[PDB]
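Secondary and tertiary structure notes
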Amino acid sequence: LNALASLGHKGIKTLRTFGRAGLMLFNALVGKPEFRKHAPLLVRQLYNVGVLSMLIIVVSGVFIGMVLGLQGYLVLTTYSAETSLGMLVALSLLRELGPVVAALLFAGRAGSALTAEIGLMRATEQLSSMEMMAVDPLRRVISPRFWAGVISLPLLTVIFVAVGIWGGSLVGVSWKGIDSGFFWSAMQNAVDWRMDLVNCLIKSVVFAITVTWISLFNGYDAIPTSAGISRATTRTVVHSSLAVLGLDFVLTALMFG
Amino acid sequence: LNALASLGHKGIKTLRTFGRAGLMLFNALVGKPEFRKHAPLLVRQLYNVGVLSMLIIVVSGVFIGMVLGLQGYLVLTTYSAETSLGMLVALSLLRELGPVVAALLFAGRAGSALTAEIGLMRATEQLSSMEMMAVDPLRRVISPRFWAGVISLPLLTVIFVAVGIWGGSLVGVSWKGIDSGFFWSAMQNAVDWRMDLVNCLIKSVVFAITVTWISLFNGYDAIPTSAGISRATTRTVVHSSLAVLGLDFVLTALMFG
Amino acid sequence: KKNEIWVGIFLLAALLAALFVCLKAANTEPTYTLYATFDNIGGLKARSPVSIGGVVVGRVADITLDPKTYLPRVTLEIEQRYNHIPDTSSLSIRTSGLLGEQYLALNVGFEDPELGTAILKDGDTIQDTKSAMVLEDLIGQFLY
Amino acid sequence: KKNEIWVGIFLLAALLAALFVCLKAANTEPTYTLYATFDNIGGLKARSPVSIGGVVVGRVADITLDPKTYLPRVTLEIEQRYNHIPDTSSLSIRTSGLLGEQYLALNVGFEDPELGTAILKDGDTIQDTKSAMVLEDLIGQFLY
Amino acid sequence: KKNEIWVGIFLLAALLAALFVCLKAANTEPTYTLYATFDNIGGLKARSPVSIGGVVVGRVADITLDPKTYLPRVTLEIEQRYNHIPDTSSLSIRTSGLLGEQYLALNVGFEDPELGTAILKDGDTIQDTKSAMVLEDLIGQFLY
Amino acid sequence: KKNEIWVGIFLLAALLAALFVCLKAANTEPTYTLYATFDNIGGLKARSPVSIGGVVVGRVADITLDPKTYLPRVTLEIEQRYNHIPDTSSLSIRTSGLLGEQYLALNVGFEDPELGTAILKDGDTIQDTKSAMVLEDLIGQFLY
Amino acid sequence: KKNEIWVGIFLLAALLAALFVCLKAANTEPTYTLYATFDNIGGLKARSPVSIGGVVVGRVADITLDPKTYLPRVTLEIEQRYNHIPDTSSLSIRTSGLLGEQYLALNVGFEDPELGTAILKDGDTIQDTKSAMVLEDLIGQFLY
Ligand SMILES: CCCCCCCC/C=C/CCCCCCCC(=O)O[C@H](COC(=O)CCCCCCCCCCCCCCC)COP(=O)(O)OC[C@@H](O)CO
Ligand SMILES: CCCCCCCC/C=C/CCCCCCCC(=O)O[C@H](COC(=O)CCCCCCCCCCCCCCC)COP(=O)(O)OC[C@@H](O)CO
Ligand SMILES: CCCCCCCC/C=C/CCCCCCCC(=O)O[C@H](COC(=O)CCCCCCCCCCCCCCC)COP(=O)(O)OC[C@@H](O)CO
Ligand SMILES: CCCCCCCC/C=C/CCCCCCCC(=O)O[C@H](COC(=O)CCCCCCCCCCCCCCC)COP(=O)(O)OC[C@@H](O)CO
Ligand SMILES: CCCCCCCC/C=C/CCCCCCCC(=O)O[C@H](COC(=O)CCCCCCCCCCCCCCC)COP(=O)(O)OC[C@@H](O)CO
Ligand SMILES: CCCCCCCC/C=C/CCCCCCCC(=O)O[C@H](COC(=O)CCCCCCCCCCCCCCC)COP(=O)(O)OC[C@@H](O)CO
Ligand SMILES: CCCCCCCC/C=C\CCCCCCCC(=O)O[C@H](COC(=O)CCCCCCCCCCCCCCC)COP(=O)(O)OC[C@@H](O)CO
Ligand SMILES: CCCCCCCC/C=C\CCCCCCCC(=O)O[C@H](COC(=O)CCCCCCCCCCCCCCC)COP(=O)(O)OC[C@@H](O)CO
Ligand SMILES: CCCCCCCC/C=C\CCCCCCCC(=O)O[C@H](COC(=O)CCCCCCCCCCCCCCC)COP(=O)(O)OC[C@@H](O)CO
Ligand SMILES: CCCCCCCC/C=C\CCCCCCCC(=O)O[C@H](COC(=O)CCCCCCCCCCCCCCC)COP(=O)(O)OC[C@@H](O)CO
Ligand SMILES: CCCCCCCC/C=C\CCCCCCCC(=O)O[C@H](COC(=O)CCCCCCCCCCCCCCC)COP(=O)(O)OC[C@@H](O)CO
Ligand SMILES: CCCCCCCC/C=C\CCCCCCCC(=O)O[C@H](COC(=O)CCCCCCCCCCCCCCC)COP(=O)(O)OC[C@@H](O)CO
């Protein structure tokens, strides 16, 4: 049939897109450490990825914690359990909202800016002129941006959870008048260091590897035109959000199932 | 002081950016109806905005409903209340997750593709060559894309809630073994048409006006270079996500407070 | 012609999704009006059901505390299918389980023995009635 | 450009006028203030309602434990409609269900006989005021 | 390009090998199947555990109401470590807290007297099996 | 320029006006220290409230079981405003909801009679200090 | 030098945020071991507290089942500060409110009378060791 041959044609060129992505990350992270040449390159990329993402993370964390504090108050006040609001807000952020929503906003703001940057460096032949100076662009361009994304999303997640807990107490204690001694002490003996704090960090490291690898590859593999770069920037947001939400279900069934 | 004069300088040019955005939407939507010329233009834009966004909406809705069904099962099974899982899943989607998460994915996929499209039409002088043929580009280009975004985000939200409820029952009934008569009947007398179904549609229309207006203006006001278009595409995702989450708190305090 | 077919599939999917929510996830008729005045109604609300034997026969419309005696004067919306209620009936307010919603348990005084005892039709009032419970007078009646 | 500023000022004013109307309608009627003192109020917070048989007519503004005798002094806000309440009228604290919030039961002790007692107005005190129950004395005295 | 396919096959296999290991470790030891019949099992579902004094040793595989007498027939899975439970051992259905799940209490009430009673090895039945309990007739007999 | 400074000043005034409209909205204090020794406190934690009649007057910052006799020794922080409590007062531990979450009820058993009973001051010790109930020996009180 | 200052502020903010979570939101020492065998431990778990009078003095490890009798064996981690426990003590499993956790209520037999009653230190066993509750035998002891 002429339909089965076209489906197997797209199934072959999907296999060698996964193979090109495995060769790009392997040749970027392996060989000849170079701790002194890459240390100024890491600090500049840690500004573009991490510092420039703090506005969308701090402002979104306060609003999300305030919605959680308002919506969880109306549920718990039926059963006279509204002193357990701090346990509800903190646990619903350390699982499933701190890791996930900070990864979806990292993929839209820093993941789009990384695909657009690398695809612009191939449209202006900057990566080909680095190979002519006998400098490997996979070690010099790709790998400082990889480690800047793996470092900065775990650091942005812990800021998201901190200002989200503060926004939840801002509704519960300050506006609704829950006793603040009951609010904070019910939270402190419900949050465990192993089941809650460590499992929040494992999720945000798995998400940081996935979002950064997808975002760096879609710029490196883009068609170097002004319309082909914009098509690859949209492809990062779709592939990162389907992979964050898909991996979030598998890690929820493992850690808390 | 030389700092107060620079702050008032940025406070003036922020006022006339809000004024340029109000003039762009007013001159696009007002005057000489033209129902026959714009009806083929609406159907093509309803493909780019609506049909091409169905993959990120259907796949994300199933995963989010499955995480809600798994995480809400472990809470309710302590108090022997696990037949109320369908009430918990449906109400937490009709408020605060159906409207919000479908608007954040609409802003990343369709909002980025609308800023990139219009800014490319100014970089190649297509909007200036339409004014030379005595065709107003604000009525011919901007306004069919506005109504396609206001129509398609309420339609994508109701698909998100439908496949999210199905994914929640897929965990509760099929995997965990809750009685399916108890599951569905507890949902049906908890969901009201006015407090839940109508309030879901009001939120997704307010979000559809805001996301589309931000996304169309940032392409129309972009600096028409290959680096200035990519800067405006990132600006859409930040401004839409801070406005969706900010308006979500104000509408939650009104509707359910 | 490829783009206009896919828009038709996109509009069909949103209509099947709106039918799934409105039917399986959320599920005007001429009624008539009754009247009752209870001592204590605590927890009752507008749009709360009236039930005979468990089956919903009507709603609650606009409680509206009565002046000059300050007793709550509940008025109902019983439906036209059940036009045979004897006016020696009763009413109680019950709690639907233990933490459920609160509803009106319309007991039918199934006698109509003599007198040609009348039928509740629009504007008529009920006499028997019963008052809800408060949980402080339950322990007051238990241990004093 | 002489027009981008006056449009942007009107647009930014029309947003914060919409935001101020919305936030006011989420967080009137002339009322008149009453004061009462209890022995134990446990659970009664601010903005808790006062009820006539189940219908909310009043509020609670501030609790304010009184010096020199150490008894709480709750400040009521009865609405101006219900102006025939005697001053033999009682107050109690009740639970609003089985696990509900807390509320004030304005038990209207109707007498109006050949006595000549006034009604009330702003600043008058109710002396009935039973108390809130504790759940700790009653298990300690019934079960010993 | 002879290398982009063999890397992509190894990479896609290493992802679904990771996904199969993860999903198996979320949803062994040799056990031995046991059967019992009750009069009422209410609440006991599949995969509910069996306990020795509070320590879980067993499971429940399927319930399977038996034809021709209409009594449920639960199938147990005791661990192979605890191979000294006799045939005088009782079963009961308990609540696991106040509002908990449901569980089976494997009461090891061994006599081991002068006569040599045997051991519950594979496929044998327990005849003690009290029942689950219902708080409808118990209130109906104590209050009459 | 000229209007650029008037725009930078009109914004910083508005930016600090909302910072004073919110921080002054939604509401340090000198305190003094008391001590008390119970038999069982179970559920009381640090920062638990201390109440007179339902109004919070202090906190709890210690508890710390003490060696050599194995009794708990709570340290209180009453505010400086309530400096008139006699030494004939008691302390009891009340339950406040579910899941534990206890607090301390300080009943001002004020006498100020002959002999001259001293006001509690910084460092003194309340002697009555009843205890917290246990709920398991209360049903052993009921069933034996 | 502007980019390297802002990275230092970004790293300082993530350290203040990790201190806020680890201290205000979530809050190794040499210990020693005590032994006990209950009849029923229902609900108890590893890392559950031991308490004297309400104050946490240790945890729970090692809840495994004892062979040849099938009675549950619990051994504890009491802390080195409290090295004065008489071995005429008690033990009980209680429920921490009404739906809370399970904990061990170590009662101290504060006599140390004649015969120089020994001190519990590593490896010793406690023999009072009461029980847990099941809620079926409560009403079985009530109405039979
Ligand atoms: C004698 C008369 C008797 C009368 C007695 C009458 C009354 C008796 C009962 C009354 C009611 C009881 C009130 C119950 C109040 C307690 C409710 C509560 O606190 O729930 C917590 C919520 O945390 C949770 O996991 C919920 C946390 C996660 C929430 C899920 C995230 C929400 C969003 C989904 C993500 C979408 C993807 C991301 C979006 C893009 C669970 O914490 P928990 O304590 O269990 O400890 C953790 C561990 O044990 C796991 O449970
Ligand atoms: C592709 C490019 C690769 C680039 C790699 C990038 C960097 C890779 C990681 C960086 C730091 C990770 C921070 C995670 C901190 C959490 C580490 C941690 O302590 O978690 C342990 C388990 O971890 C676990 O399940 C395993 C979970 C940790 C894995 C999370 C990242 C997954 C990918 C990692 C791949 C490299 C790993 C190389 C290892 C050979 C728990 O034991 P713990 O003592 O607390 O008490 C045990 C008690 O319960 C009983 O003794
Ligand atoms: C320590 C723990 C380690 C665990 C390790 C587990 C390994 C997890 C692997 C993740 C791979 C992520 C790779 C990225 C794949 C992202 C998926 C993807 O590419 O998206 C679409 C396909 O979606 C799809 O069919 C659906 C795609 C699935 C999304 C990926 C899910 C990740 C795994 C979750 C599975 C849960 C199963 C639960 C079973 C109960 C493509 O269409 P489309 O042409 O429009 O493109 C747009 C453009 O071409 C428009 O022309
Ligand atoms: C005699 C002996 C006596 C013994 C008696 C002992 C036992 C007695 C009690 C036992 C426990 C009771 C179990 C309780 C089970 C019921 C729990 C439940 O169903 O909760 C529903 C959740 O919906 C809800 O709003 C929660 C819905 C919204 C959830 C919030 C969204 C989560 C995420 C946040 C967004 C982030 C931004 C977006 C992310 C980017 C509330 O529905 P509800 O019924 O109230 O009706 C709606 C209306 O009334 C409003 O409440
Ligand atoms: C800037 C460019 C403008 C482009 C405009 C784009 C399109 C604008 C709207 C399209 C359709 C909106 C669909 C919304 C459907 C919901 C409409 C609806 O029925 O809701 C009513 C309230 O609405 C309300 O609060 C008011 C809420 C509806 C507003 C939601 C959109 C906000 C912006 C709308 C601006 C235009 C409005 C022009 C009006 C003059 C409730 O009453 P209902 O009978 O159910 O029972 C009442 C019972 O409780 C007692 O009688
Ligand atoms: C029927 C109901 C109708 C209700 C109508 C209500 C009206 C609601 C108005 C929405 C306006 C949305 C306009 C979009 C504004 C989006 C805000 C924004 O622009 O983002 C940043 C500022 O954020 C910020 O300071 C914080 C910005 C706030 C985000 C906007 C919130 C919307 C309103 C929520 C307020 C809740 C208050 C709750 C009080 C309790 C800009 O920085 P930045 O230079 O990096 O730019 C990036 C680039 O320049 C990098 O060089
Ligand atoms: C720390 C540990 C966690 C790490 C997590 C690791 C996860 C991250 C790894 C790699 C991502 C890096 C990027 C990989 C490539 C990005 C995903 C990809 O393959 O791209 C397109 C998706 O194809 C698509 O239909 C999507 C196709 C399906 C995606 C595969 C689903 C996930 C794997 C389930 C197996 C399914 C097998 C069948 C099930 C039995 C294929 O382009 P296509 O050909 O259209 O050409 C046209 C034009 O678009 C580009 O040539
Ligand atoms: C509810 C909210 C809770 C509180 C939230 C407080 C607000 C959020 C706090 C911290 C996040 C700030 C992150 C710090 C970012 C600092 C990093 C930085 O300097 O970025 C430059 C500007 O960034 C910028 O957009 C400047 C960032 C501005 C930050 C936004 C402040 C808005 C305040 C007025 C809004 C009025 C709304 C109503 C308020 C009452 C970008 O240039 P770039 O590096 O490429 O080159 C250099 C050369 O171009 C810069 O001159
Ligand atoms: C259906 C009904 C609902 C409809 C909802 C309506 C909401 C949607 C309306 C309009 C959005 C359309 C786009 C408007 C413009 C997009 C937002 C905007 O103003 O852009 C930048 C943000 O500035 C910024 O610092 C963000 C500045 C603050 C944003 C204002 C917050 C929201 C309004 C709170 C008032 C605060 C006043 C002080 C508080 C008392 C300013 O560019 P800037 O100068 O840097 O030049 C440099 C370069 O970036 C472009 O020139
Ligand atoms: C848990 C999941 C739950 C079930 C989820 C089911 C999957 C999702 C269902 C419906 C959404 C599909 C939307 C239909 C989109 C149809 C619209 C369409 O045709 O779009 C074109 C292709 O789109 C496309 O990426 C083709 C879309 C492909 C859809 C993805 C199917 C992946 C299946 C294999 C994955 C293996 C993973 C493991 C599975 C076991 C884009 O070209 P464009 O218009 O510009 O020009 C024309 C010319 O280029 C097209 O030849
Ligand atoms: C994108 C989709 C586009 C949808 C297009 C717009 C959808 C529709 C918009 C607004 C609703 C129209 C207003 C409703 C008109 C009537 C408004 C009204 O107040 O009348 C009520 C009748 O309710 C009625 O029968 C009307 C009730 C019939 C049900 C119709 C509700 C519309 C459902 C919304 C669709 C959900 C899809 C989105 C889901 C996410 C009387 O009071 P109710 O009887 O209670 O008390 C009395 C009782 O207790 C016996 O006396
Ligand atoms: C981006 C930030 C980067 C952070 C860098 C990495 C962070 C750290 C990674 C892994 C944790 C290290 C493994 C812990 C080492 C010890 C692992 C271990 O199993 O030992 C336990 C001791 O716990 C211990 O004191 C170690 C416990 C002390 C607390 C340290 C936990 C690390 C907190 C994580 C940081 C949260 C920040 C992110 C928040 C979102 C004994 O068992 P536990 O006593 O229970 O029973 C006995 C009791 O009942 C009495 O007998």
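Residues numbered from 1 in each chain as written, not as in the entry; some residues may be left out. Chains lettered and ligands numbered in written order. Part of a larger assembly, values for the part shown. Heavy atoms only, no water. Residues with missing side-chain atoms left out of burial classes, pairs and counts.

This entry, as listed in the PDB, derives from cryo-EM and reports a resolution of 2.9 Å.

Further remarks concern the overall build of chain C. Along the backbone of chain C there are two helices and six strands. Ordered by position from N to C terminus, the α and β elements of chain C give α-β-β-β-β-β-β-α. Against the globule reference of 15 Å for 144 residues, chain C gives a C-alpha radius of gyration of 22 Å, more extended than a compact globule. The dimensions of chain C, computed from C-alpha atoms along their principal axes, are 80 × 45 × 30 Å. Burial status across chain C gives 35% buried among its 144 residues. Summed over its atoms, the accessible surface of chain C is roughly 9,000 Å², and 57% of this surface lies on carbon and sulfur atoms. The centroid of the 12 positive side-chain charges in chain C is displaced by 14 Å from the centroid of its 17 negative side-chain charges. (Helix = DSSP H or I, 4+ residues; strand = E, 2+ residues; numbered from the N terminus. Rg over C-alpha atoms; globule rule 2.2 N^0.38 Å. Buried < 20%, exposed > 50% of the residue type's maximum accessible area, 1.4 Å probe, protein only. Areas by Shrake-Rupley, 256 points an atom, 1.4 Å probe, with all protein chains shown as cover. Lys, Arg positive; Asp, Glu negative; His and termini not counted. Charge placed at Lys NZ, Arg CZ, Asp CG, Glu CD.)

Counting its secondary structure elements, chain A contains 10 helices and zero strands. In chain A, the succession of α and β elements from N to C terminus is α-α-α-α-α-α-α-α-α-α. Projected onto its principal axes, the C-alpha positions of chain A cover 70 × 55 × 35 Å. Relative to its 257 residues, chain A shows a buried fraction of 56%. Considering only residue pairs separated by 6 or more positions, chain A has 85% of its internal contacts joining residues 24 or more positions apart. (Contact = heavy atoms within 4.5 Å.)

Another aspect to go through is the site of ligand 5. All names here are of chain B. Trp193, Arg194, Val198, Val205 and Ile209 make up every residue found near ligand 5. In isolation ligand 5 exposes 1,100 Å². Once the protein is present, 32% of that is buried. Here the residues of the shell around ligand 5 sort into four nonpolar, no polar and one charged. (Near = heavy atom within 4 Å. Nonpolar A, V, L, I, M, F, W, Y, C, P; charged D, E, K, R; others polar.)

Residues and elements named next belong to chain E. By the criterion of burial, strand 6 (residues 103-107) is predominantly enclosed, with four of the five residues buried. Pairing of strand 2 (residues 50-52) with strand 6, which is carried by two bridges, proceeds in the parallel orientation. Bridged to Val50 within strand 6 is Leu104. In this structure, strand 5 (residues 90-94) lies alongside strand 6, joined through five bridges in antiparallel fashion. Across the sheet, residue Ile93 finds its bridge partner in strand 6, namely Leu104. (Pairing = 2+ DSSP bridges.)

The interface of chain D with chain A comprises four residues on the first partner and five residues on the second. Approximately 340 Å² of surface area, both sides summed, lies buried where chain D meets chain A, with 47% of it carried by carbon and sulfur atoms. Three residues, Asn27, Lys45 and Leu99 of chain D, lead the burial of chain D against chain A; their summed loss comes to 81% of the area buried on that side. In this assembly, chain D and chain A are joined by one residue pair in polar contact. Residues of the side of chain D that touches chain A, tallied by class, amount to one nonpolar, two polar and one charged. (Buried area = accessible area lost by both parts, 1.4 Å probe. Polar contact = N/O pair within 3.5 Å; in protein donor to acceptor, adjacent residues only side chain to side chain.)

Let us look at helix 4 (residues 85-94) of chain A. All names here are of chain A. Of all 10 residues in helix 4, eight are buried; the element is thus mostly enclosed. Where helix 4 is concerned, the buried positions are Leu85, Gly86, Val89, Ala90, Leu91, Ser92, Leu93 and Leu94. Residues of helix 4 that are buried sit in contact with helix 3 (54-76), helix 5 (98-123), helix 7 (137-175), helix 8 (180-188) and helix 9 (193-220). Phi turns positive, to about 65 degrees, at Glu96, one or two residues after helix 4.

Turning to the interface of chain B and chain A, a few remarks are in order. Taken together, the contacts link 32 residues of chain B with 32 residues of chain A. For the pair chain B and chain A, the number of links is zero salt bridges. At the boundary of chain B and chain A, one finds zero residue pairs in polar contact. For the side of chain B that touches chain A, the elements supplying multiple residues, two or more each, are helix 3 (54-76), helix 5 (98-123) and helix 10 (226-255) of chain B. Broken down by element, the residue count for the side of chain B that touches chain A peaks at 14 residues, all from helix 10 of chain B. Each residue belonging to the side of chain B that touches chain A can be placed in one class, and the counts come to 19 nonpolar, nine polar and four charged. (Salt bridge = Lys/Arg side-chain N within 4 Å of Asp/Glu carboxyl O.)

Before going further, it helps to examine the site of ligand 8. Within the structure, ligand 8 sits among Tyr47, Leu52 and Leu55 of chain A together with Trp6 of chain G. Bordering ligand 8 are residues originating from chains A and G. Protein burial of ligand 8: of its 1,200 Å² of free accessible surface, 31% is covered by the chains. Split by residue class, the shell around ligand 8 holds four nonpolar, no polar and no charged.

A separate point is the packing of helix 1 (residues 4-29) of chain B against helix 7 (residues 137-175) of chain B. Residue and element names in this part refer to chain B. Where helix 1 meets helix 7, the closest approach of the two axes is 8 Å, and the angle between their N-to-C directions is 95 degrees. The angle between the axes of helix 1 and helix 7 places the two elements in the roughly perpendicular class. Packed against helix 1, whose contacting residues are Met24, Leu25, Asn27, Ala28 and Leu29, the element helix 7 presents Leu138, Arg139, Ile142, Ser143, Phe146 and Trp147 at the interface. Its residues placed into classes, the contact of helix 1 with helix 7 shows eight nonpolar, two polar and one charged. (Axes fitted to C-alpha atoms, helices over the stretch in contact; angles between N-to-C directions. Parallel < 35°, antiparallel > 145°, perpendicular 65-115°, else oblique.)

Glancing now at the relation of the copies chain B and chain A. Note on the identical chains: chain B maps onto chain A by a rotation of 180 degrees and an axial translation of 0.0 Å, with an RMSD of 0.0 Å. Such a combination of turn and shift is consistent with a two-fold rotation axis. Of the residues that chain B buries at the interface, 100% are likewise interface residues in chain A, meaning the two copies contact each other through the same surface. (Least-squares fit on C-alpha atoms.)

Our focus in this paragraph is the arrangement of the chains. Contacts are most numerous, across the 15 pairs of chains in contact, for chains A and B. A gap remains between chain D and chain E, with no contact made and the closest C-alpha atoms lying 17 Å from each other. One finds no contact linking chain C with chain F; the least C-alpha distance across the pair is 16 Å.

Turning our eyes to something else, we now look at the sheet that holds strand 5 (residues 90-94) of chain D. Residue and element names in this part refer to chain D. Taken in spatial order, the four strands line up as 3-2-6-5 in an open sheet, and their pairing is mixed. Each end of this open sheet is capped by a strand with a single partner; those strands are strand 3 (55-58) and strand 5. Neighbour-to-neighbour, the strand axes of this sheet turn through a mean angle of 40 degrees, independent of strand direction.

Residue and element names in this part refer to chain D. One open sheet accounts for three strands, arranged 4-1-7; its pairing is mixed. Looking along the sheet, the strands with just one partner apiece sit at the ends: strand 4 (73-79) and strand 7 (124-126). Direction aside, neighbouring strands of the sheet carry axes that sit 40 degrees apart on average. One ladder, built from three bridges, connects strand 1 (residues 31-37) with strand 7; its direction is parallel. Of the residues in strand 7, the one forming a bridge with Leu34 is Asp124.

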